[PDB]
Structures are given as structure tokens and as C-alpha cells.
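These are the residues of each chain, in order.
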Amino acid sequence: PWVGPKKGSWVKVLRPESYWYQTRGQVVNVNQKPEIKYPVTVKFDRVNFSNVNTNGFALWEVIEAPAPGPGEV
Amino acid sequence: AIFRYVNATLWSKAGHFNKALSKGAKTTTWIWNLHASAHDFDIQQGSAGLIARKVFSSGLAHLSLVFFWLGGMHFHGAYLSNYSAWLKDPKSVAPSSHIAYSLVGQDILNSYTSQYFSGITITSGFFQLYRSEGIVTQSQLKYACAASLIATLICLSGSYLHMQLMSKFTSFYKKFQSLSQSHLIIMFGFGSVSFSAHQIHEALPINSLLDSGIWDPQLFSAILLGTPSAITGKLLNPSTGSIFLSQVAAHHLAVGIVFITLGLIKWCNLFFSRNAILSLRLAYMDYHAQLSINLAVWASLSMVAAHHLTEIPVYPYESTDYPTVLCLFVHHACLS
Ligand code: CLA
Ligand code: CLA
Ligand code: CLA
Ligand SMILES: CC1=C(/C=C/C(C)=C/C=C/C(C)=C/C=C/C=C(C)/C=C/C=C(C)/C=C/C2=C(C)CCCC2(C)C)C(C)(C)CCC1
């Protein structure tokens, strides 16, 4: 079964040190291997200071959220 | 030669030249990098032929810009200046080809320069330059402006054309011997000889008449007539306080002859110590090497100009036009 969020669904990042903390991204993929500490892959339209668009998060660092509306990050 | 590839489609891309700007506008650093690398043709997409194309065409476009600026100066002198009052009596009237509006009380900027003229006193020495050149009529200044504008258009057309005339096979810009010989013999030698001719044939009679006090149209439209045996520079025009323009014309003739002779001896290979400079010749065949060398040469020449324009007086009344001489020195020192 799918351990993490569904592929393509929007997840709100809960990692305090993340550039996208409390903002939402799209789940690119989730690693089903139980040995992966940070399986979920989330991409965001806003590049961070290092011009990086995607990142890897653990199952406890992302929660399911609705897609951003107009003017929402 | 193929001009079907010049289209305005790339105008709206805003960053096509730099591959690092492909991910357009993710931050404001992208805007700043676009501006910073706009004219760094070496790191831009393309080839060495394209780099040469851009360098030469940009040089021509800047030439057109300078010609436009000179034409604007001539137009301001012709129509928005007190050059007539200054010519008849330079001492009483300060040069001014600059007028300001009366928008918000801004008319206060204009100051008394003549009875019928109020404006901003210019400090570029353009009036003295015109007087030395023999320009004494609004028609002459107007035609100088027209020539400058025509030169601007010609240079703009040349830049636009050369952006496509020069192909990847183009190599005329690497012919350093030909470039240097042409510049030394024609641009400098023939140029100086031709300007000496211009002085002798136009400026000398007009300047002599102006010194005497004659302002007759027929006269305005016998070298060494007034110059004594005194060494040039040892005796200044008593009525103008500057080196005799006939001495200046003789100087330009001699300089042109010397430049032509140098070019001809180089052509004949009379210069022998090629090996002492061969290392530099091989090393410095680069855009940035040539740019650095030329910038240093022109900096030194600008400093020498700053010193000489004041210490050695050659323009009429520029010696007594204290703001003009000071501003010229300071400007050319800063450019140096
Ligand atoms: C013949 C003259 C010449 C030529 C052909 C070049 C060519 C080049 N220079 Mg430049 N350079 C020149 C003169 C020249 N330079 C001079 C005189 C200096 C000394 C200051 C420099 C110093 C210099 C540096 C330090 C660098 C270059 C670089 C470059 C490259 C492009 C830079 C660019 O895109 O700028 C685009 C930016 C602009 C056009 C804007 C510049 C605006 C400045 C701040 C001046 C503002 C003046 C203005 C009048 C202020 C008052 C107005 C105000 C009141 C409103 C290119 C190879 C860069 C490089 O890496 O090259 C490989 C680079 O880093 N140049
Ligand atoms: C709207 C403003 C304006 C405009 C359009 C012009 C236009 C012109 N002035 Mg200038 N001028 C101005 C304001 C202006 N002036 C002011 C406020 C003064 C003080 C009274 C002058 C005093 C003045 C004199 C005395 C002369 C000119 C001249 C000229 C011509 C020179 C060409 C040129 O600018 O090349 C482009 C040149 C530059 C961009 C120079 C950039 C670098 C400068 C020299 C740095 C110096 C400091 C700077 C002015 C201020 C920095 C601080 C500031 C940001 C707060 C041209 C018609 C000359 C001329 O021949 O006129 C016919 C001339 O002799 N002007
Ligand atoms: C270090 C000593 C030194 C000194 C004091 C001078 C002094 C002078 N040189 Mg220079 N020069 C030097 C070294 C020096 N040069 C070297 C080592 C070379 C080549 C080996 C040259 C080649 C050279 C040329 C070809 C010309 C000068 C000219 C000039 C005059 C000033 C610039 C000028 O008028 O620009 C006007 C000329 C230009 C703006 C043209 C610039 C040259 C082109 C565009 C550069 C092309 C670069 C190349 C294609 C890059 C390819 C790279 C790739 C293959 C990797 C002045 C007499 C000019 C002159 O009138 O001489 C009498 C001139 O035409 N010099
Ligand atoms: C702008 C300015 C300036 C100035 C400049 C100048 C002024 C320069 C010079 C210029 C010049 C003044 C140039 C000259 C030129 C000339 C020439 C280039 C000539 C040539 C000749 C020829 C080409 C010849 C021809 C012929 C004939 C006549 C016919 C037959 C025979 C024969 C072929 C020989 C400066 C730098 C300060 C910078 C700033 C501003």
C-alpha cells in the first residue's frame, strides 16, 4: 500500500528549517522502501535561496492540504 | 548577408543572449544578472565570429551615439546659444548654449549672459572650438549639425549591416598589420594633413579677420601673414592670447607627414627590433588585451590633453575663459 501521500497531491511542509515551511508543494513521488528516512518528494513553484525547486521530506514533515488558491503560497 | 534572421521576436525574450538566464525571472537577481551580462559578448551564446560581429557593430553604434551627441551640441550652439554675441565680444559675454524652462520657478537658473539672452553658462569650450574652426555663422553651425546627424545615421546603418555582413569566415578584424598600417597612414597621417589643409584654407583667413576686427560677409566667404620669426609658443596672439593658428596648421601638416613617414618605414620594414616585441605580439592578440592597451593609451593621452589644453593655449580666448579651461582640465583628468 501507499505509505505516504498520493502522487500529485498537495502537501503542506512542516519542517521548520525548510524554505517552504508551512507552504504547500506537490508530492512528486514517495519512496515505499521502509528504510528511507525522507521518502516523500515535494516540488514547489518558488525556488529557495539556492535556486532549488524540490526537496525530500519524511512522512511526519508533510501533511495533506488543498491546492493553493489565488494569491496563496 | 542574410537579413531574414533579424526579427523582433527575440526583443521580448529578455535574456536570450545568456544561457544562464534560460530559467527566466525566478528572482530579481535574474534581472540584475541580465543587466550585468548584457554586453559581456564573450560569455554569450554563439561563436567567436558572433563575438567579433557584436564587438564591431557595437563600436559602430557607439560611434553613431557620439555623432548624435556632437550634432546636438552643434544644434544647441546654432539655435539655442548666444554665439553671435560671444563672437563679437567674447570677454563681456560668457558662453551659453543652454537654456532652462520656467516650470516651477526653474527660470531662476537662467542667468544674465547678454542683453538679449539668458541661460546657463557652458564650460565645454565649444564656442572657442567653433571660433578656431572658423564657424562664424548660424548657417555654418546648422550644416555642421546636419553633417553630424548624417554621420549618426551612417554609423547606425553600418552597425545594423555589419551585424550580418560579417560571417563566421570573417577575419578582417584579425589583420593587425593591415589595421595598424591603415590607421597610422590614413586615419592619422592623412587625417592630420587634411585638417592642416582645412585650417589653412578656411580657419586662417577667418581667424585673421576676426583678430583684426573685420566682420564682412564677402571677406568671410597668404599664410604666415602675421606670425613673426618668434618660436611657436614663445609669442601668443596679443589680441587673442593663444598660439597662432597658422602655427597650429603647420604643426598638423608636420604631424601628418611624420605619421605617413612612420607608416612608410614600417611598410618597408625599416624598423628592425621586431623580436623584442614578438612575445607581446603573440600574447596580446586578444579582445581584452587590446582593450586594456587602448584604454591605457587613451587615459595617458587624456591626461596630457588636460595638462596641455591649459598650459599651452591654442584656442581663441580659452585662456581667459577661466571656467572653460578649468572644466576641460578636470574632465580630461577624470577620464584619464
Ligand atoms: C571601450 C570601453 C569599454 C568596453 C568596450 C568594455 C567592455 C566590457 N566591460 Mg567594461 N569597463 C570600461 C570600459 C569598457 N568596457 C571602463 C572604462 C571600466 C572601468 C570602470 C570598465 C570596467 C569593467 C569591469 C569591472 C567589468 C567590465 C566588464 C565589461 C563587459 C561588459 C560589461 C557590461 O555588460 O556592463 C553592463 C552594465 C552597464 C552598461 C551599466 C553600467 C553603469 C555604470 C554604473 C555607470 C553609470 C554612469 C552614469 C552616467 C551615472 C550618472 C547618472 C545618474 C545621475 C542618473 C565587456 C567585456 C565586465 C566583465 O566581466 O567583462 C568581461 C566587468 O566585470 N568593465
Ligand atoms: C535636465 C537636466 C539637464 C540636461 C538635460 C542637460 C543637458 C546638457 N548639459 Mg547640463 N546642466 C544641468 C542639467 C542638465 N543639463 C544642470 C542642473 C546644470 C547646472 C547649472 C548644468 C550645467 C551645464 C553646463 C555648465 C554645461 C552643460 C552642458 C550640457 C550638455 C552636455 C551633454 C551631456 O549632458 O552629455 C552627457 C553628460 C553626462 C551624463 C555627464 C555625467 C557625469 C557628470 C559630469 C558628473 C558631475 C556631477 C553630476 C552633474 C551630479 C551628481 C550628483 C547628483 C546625482 C545629485 C547638454 C545640453 C554643456 C554644454 O555644452 O551644453 C550645451 C555645458 O557646458 N550643463
Ligand atoms: C603594449 C604596447 C602598445 C602600445 C603603447 C600601443 C599603442 C597603440 N596601438 Mg596598439 N598594439 C599592441 C601594443 C601596443 N599598442 C599590440 C601588442 C598589438 C597587437 C600585437 C597592437 C595592435 C594594434 C593595432 C592593430 C592598432 C593599434 C593601435 C594603437 C594605438 C591606440 C589604439 C587605437 O588607436 O585604436 C584604434 C584601433 C582599434 C580600436 C582597433 C582595435 C583592434 C581589434 C578590433 C582587436 C581584435 C582582437 C582579436 C580579433 C581577438 C581574437 C581572439 C581570439 C582569436 C582568441 C596606439 C598607437 C591602432 C593604431 O592606429 O595604430 C597606429 C591600431 O589600429 N595597436
Ligand atoms: C569627437 C571627440 C573627440 C575628437 C575626435 C576627432 C576630431 C577625431 C579626428 C577625426 C578626424 C579629423 C579624422 C580624419 C579623417 C580623415 C580621413 C580619413 C581622410 C582620408 C583621406 C583619404 C581617404 C584620401 C582620399 C583620396 C582623395 C582625396 C581622392 C583621391 C586620392 C585619395 C585616394 C588619396 C575626442 C577624441 C576628443 C573624444 C571626445 C569627443
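In the PDB header, cryo-EM is given as the technique by which the entry was determined, and 2.8 Å as its resolution.

A. Broad picture of the overall build of chain A. Helix and strand counts for chain A come out as 0 helices and 5 strands. Ordering the α and β elements of chain A from the N terminus gives β-β-β-β-β. In summary, chain A has a C-alpha radius of gyration of 12 Å against a globular reference of 11 Å for 73 residues, a match within 12%. Each principal axis of the C-alpha distribution contributes one length, and for chain A these read about 35 × 25 × 20 Å. Burial status across chain A gives 30% buried among its 73 residues. Across chain A, the centroid of the 9 positively charged side chains sits 4 Å from that of the 6 negatively charged ones.

B. Structural context of the site of ligand 1. Residues and elements named next belong to chain B. Neighbouring ligand 1 are the residues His35, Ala36, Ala38, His39, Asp40, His288 and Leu291. Here an oxygen atom of ligand 1 sits 2.7 Å away from a polar atom, N or O, in the main chain of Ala36. Here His39 contributes a backbone N or O atom positioned 3.1 Å from an oxygen atom of ligand 1. Counting residues per element, the ones that place at least two in the shell around ligand 1 are α1 (28–37) and α10 (287–311). Its residues assigned to classes, the shell around ligand 1 shows 3 nonpolar, 3 polar and 1 charged.

C. Looking closely at the site of ligand 2. All names here are of chain B. As a structural note, the neighbourhood of ligand 2 is formed by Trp69, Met73, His76, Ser97, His98, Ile120, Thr121, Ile122, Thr123 and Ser124. The separation between a nitrogen atom of ligand 2 and a polar side-chain atom of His98 is 3.0 Å. Here an oxygen atom of ligand 2 sits 3.0 Å away from a polar atom, N or O, in the side chain of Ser124. Residues of the shell around ligand 2, tallied by class, amount to 4 nonpolar, 6 polar and no charged.

D. Geometry of helix α5 (residues 138–165) of chain B. Under the 1.5 Å per step criterion, the end-to-end length of α5 of chain B is 39 Å for 28 residues, consistent within 8% with the ideal 40 Å. By the burial criterion, the buried members of α5 of chain B are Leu141, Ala144, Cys145, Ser148, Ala151, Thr152, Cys155, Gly158, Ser159 and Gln164 of chain B.

E. A look at the sheet that holds strand β5 (residues 62–64) of chain A. All names here are of chain A. In spatial order, the strands read β4-β3-β2-β1-β5; together these 5 strands make up an open sheet with antiparallel pairing. Each edge of the open sheet carries a strand with a single partner, namely β4 (54–57) and β5. This sheet shows a mean twist of 45 degrees between the axes of neighbouring strands, independent of strand direction. Two strands pair when backbone bridges link them, and strand β1 (residues 10–13) and strand β2 (residues 24–29) are joined in this way by 3 bridges, in the antiparallel orientation. In the strand pairing of β2, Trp10 is matched with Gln26.

F. Just the side chain of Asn207 of chain B, in detail. Residue and element names in this part refer to chain B. Along the polypeptide, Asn207 turns up in helix α6 (residues 176–212). Here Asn207 falls in the buried class, since its relative accessible area comes to 7%. Residue contacts for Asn207: discarding those within four places in its chain leaves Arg131, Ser132, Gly134, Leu245 and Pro316.

G. Seen up close, the packing of aromatic side chains. Under the criterion given, the structure shown has 18 aromatic pairs over all chains. Aromatic side chains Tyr38 of chain A and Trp60 of chain A sit 6.4 Å apart centroid to centroid with 50 degrees between the ring planes, which places their arrangement in the tilted category. On the criterion of sequence distance, the pair formed by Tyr38 of chain A in the loop between β2 and β3 (40–43) and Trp60 of chain A in the loop between β4 and β5 is long-range, its members being 22 residues apart. Judged by relative accessible area, which is 56%, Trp60 of chain A ranks as exposed. On the basis of an interplanar angle of 80 degrees and a centroid distance of 6.0 Å, the ring pair of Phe44 of chain A and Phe57 of chain A is categorised as edge-to-face. Of this pair, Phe44 of chain A sits in the loop between β3 and β4 while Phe57 of chain A is found in strand β4, placing the two residues 13 residues apart along the sequence. In this pair, the class of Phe44 of chain A matches that of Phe57 of chain A, namely buried. Put simply, the rings of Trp69, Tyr83, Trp86, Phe126, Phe127, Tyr130 and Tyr317 of chain B pair up and form one aromatic cluster.

Definitions and cut-offs
Residues numbered from 1 in each chain as written, not as in the entry; some residues may be left out. Chains lettered and ligands numbered in written order. Part of a larger assembly, values for the part shown. Heavy atoms only, no water. Helix = DSSP H or I, 4+ residues; strand = E, 2+ residues; numbered from the N terminus. Rg over C-alpha atoms; globule rule 2.2 N^0.38 Å. Buried < 20%, exposed > 50% of the residue type's maximum accessible area, 1.4 Å probe, protein only. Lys, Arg positive; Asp, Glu negative; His and termini not counted. Charge placed at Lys NZ, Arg CZ, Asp CG, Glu CD. Near = heavy atom within 4 Å. Polar contact = N/O pair within 3.5 Å; in protein donor to acceptor, adjacent residues only side chain to side chain. Nonpolar A, V, L, I, M, F, W, Y, C, P; charged D, E, K, R; others polar. Expected span 1.5 Å × (residues − 1). Pairing = 2+ DSSP bridges. Axes fitted to C-alpha atoms, helices over the stretch in contact; angles between N-to-C directions. Contact = heavy atoms within 4.5 Å. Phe/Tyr/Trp six-rings, centres within 6.5 Å; stacked < 30°, edge-to-face > 60°.

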